[PDB]
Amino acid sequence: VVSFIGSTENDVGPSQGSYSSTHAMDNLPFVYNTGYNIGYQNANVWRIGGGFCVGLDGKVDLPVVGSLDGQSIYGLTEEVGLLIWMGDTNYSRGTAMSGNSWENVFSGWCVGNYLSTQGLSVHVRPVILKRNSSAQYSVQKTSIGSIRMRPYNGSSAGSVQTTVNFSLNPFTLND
């Protein structure tokens, strides 16, 4: 059995985040290592119980502009892109996103005969695609994509809301 307990619209990263690097940025594309700082995380999005089995599918709506080590680079602007992970509650469980179709980002699990929750996480890392007369790049709030729950092994959603969305909070790149 399943119930929805989280938020439909979700913001990724702190509002007006500031990100900077000492690294050279002469070998483009360059990826800021923002760790898990630019992310959303919530352990309690659906409440599940009684043998219910569920996983997660993810979908990124941004345009693919390249790839880096087996995952897509998504374009925000002509000079700024994103590496995106989606998956289970833990950021370390994040699945490297590629393409614009629904992809399994959490194989799943089943609750025993007790009550628990299904959570999720999303985090991105900024990528410098091309140089710019600024050195300070500014990105506005942008829609990213969605995550839906994936009931499996007989379990069903019914009319319970399955899908939640994500928006990138505006930030600034420095140095």
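In this text, residue numbers run from 1 along the sequence as written.
Stretches 111-119 and 52-60 differ in mean C-alpha B factor, with the higher average recorded for 111-119. According to the PDB record, 130-138 carries the higher mean C-alpha B-factor of the two stretches 25-33 and 130-138. Per-chain ranking of the deposited C-alpha B factor places residue 164 in the middle third. Residue-level temperature factors show residue 15 in the middle third of its chain, judged at the C-alpha atom.
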